[PDB]
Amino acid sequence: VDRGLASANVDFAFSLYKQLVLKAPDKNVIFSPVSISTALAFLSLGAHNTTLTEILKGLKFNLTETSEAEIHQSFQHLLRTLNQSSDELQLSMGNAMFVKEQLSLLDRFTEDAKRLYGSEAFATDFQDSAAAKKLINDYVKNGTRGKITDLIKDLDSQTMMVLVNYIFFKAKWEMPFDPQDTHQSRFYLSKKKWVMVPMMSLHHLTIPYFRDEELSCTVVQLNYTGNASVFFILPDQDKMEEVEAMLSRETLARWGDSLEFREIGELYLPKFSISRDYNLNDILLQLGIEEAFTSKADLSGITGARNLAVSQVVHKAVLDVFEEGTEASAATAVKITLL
C-alpha cells in the first residue's frame, strides 16, 4: 500500500464529498474521488508556481513531506496497479489528452503524460466543436463500456486542450442476492414520506459489522469477488447530516478497525441506479485551486509559455446496484483554453 497517496486521496474524497453536499444538500451524491484526483494530478504535471502548489495542496498532499516527482510516480504506480489483469472483477482507468493540432507542446510534457499517466495525445479540431465533442464522448463511452455517454455537454470552439480520466468498475457480490427475494418495499425519504423501490434481501449472513452509537449509525462491509469491497453506512433516521459532518479519513479508519463479524438475520438493500453530473469549478475553488482558472494561470509546463488556463472541470458518475453485483463508472474532464 502507498500510505502517502492513500491518505491524500482519502482526505480529498471526504473534502470533496462535504462540498458537494453543501452545494446540493437534498440530492443523491455519486462520484469517483480517484478519477478526480488522477485528472487533477495529470493537470498538475503541466502546472508551475502557485498554480501547481494550489493543485497539489488542494489534492491534500503535504508538500513539506513529499515532492511533485514523488506524487506523479505514486499516480503512475496506482494506474499500473488498478489496470492489472483480473479474472474476478472488471476495473479499468484511462487518461487521454485531446489537443488542437497546431498547439505547440513541450516534448517533456507529452513524454511525461504517456509515461506517468498512460495518456496518449489525440489531435483534435476543437473549431469543429460537434466532432470534437463526439470524439471525447466516444473515448469516454468506450472506456466506460457505454455507461458514461455525455461527459462533454458543451465545448467552446476556442478550446485548446481537454484532459480526460475515466474509471470503469464491474463486480459480483461474494454473496449475491436472489432476485426471488427482491420485493417492492418502502424507502423513507423522511419520517413521513417514502417511495417504493425493489428491496433486495440476504438471509443468514455473517459479515463485518459495527454499531457506532456515538455517531448514531450502523456500518457494514459487503464484499465483491476480487480485491474490492464496499462500506455501507446507515445513519439512524434524521442523523445523516450528523454522520456527514464526521466523515474523514480518521473516522473511516476507525470504522474499519472497529468492524467485527456478526451473523445478520436479514439484510435489506435497494436495487437502484443513480447518476450525477457536476461542474466542479466552485468546489475546486473552495478547496483552494484558484489560479489555474484565472489570467494568472501558470500552465507553462505544457507549452513553455503561460498561454493556457483551465476553463472548466466536469465530472459525471453512475452507480448501479443489483442482485448479482455492482456496476459503476465515472469520468472527469479538464477543459483548457488559450490565455
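Start at 1 and count along the sequence shown; that's the residue number.
Undergrad: State which stretch shows the higher mean Cα B factor in the entry: 108-116 or 82-90.
TA: Looking at the recorded C-alpha B-factors, 82-90 comes out higher on average.
Undergrad: Per the record, averaged over C-alpha atoms, which has the higher B-factor: 190-198 or 162-170?
TA: 190-198 has the higher mean C-alpha B-factor.
Undergrad: Using only the C-alpha B-factors in the record, can you name which of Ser275, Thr38, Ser295, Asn279 has the highest?
TA: Across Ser275, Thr38, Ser295, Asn279, the entry lists the biggest C-alpha B-factor for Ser295.
Undergrad: Among the candidates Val230, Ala96, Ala130, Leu234, give the one with the maximum CA B-factor reported in the record.
TA: Reading the PDB entry, the winner on C-alpha B-factor is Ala130.
Undergrad: State the tercile, meaning the lowest, middle or highest third, of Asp238 with respect to the CA B-factors recorded for its chain.
TA: Highest third of the chain for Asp238's C-alpha B-factor.
Undergrad: Split the chain's modelled residues into thirds by Cα B-factor; is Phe210 in the lowest, middle or highest one?
TA: As the PDB entry reports it, the C-alpha B-factor of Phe210 lands in the middle third of its chain.
Undergrad: When the deposited Cα B-factors of this chain's modelled residues are ordered and cut into thirds, is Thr332 in the lowest, the middle or the highest one?
TA: Its C-alpha B-factor, which the entry lists for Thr332, ranks in the lowest third among residues of this chain.
Undergrad: Can you work out whether the C-alpha temperature factor of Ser258 puts it in the lowest, middle or highest third of the chain?
TA: Middle third - that is where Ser258 ends up once the chain's C-alpha B-factors are sorted.
Undergrad: Would you please rank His183 by its C-alpha temperature factor against the other modelled residues of its chain and give the third it falls in: lowest, middle or highest?
TA: Bottom third by C-alpha B-factor.
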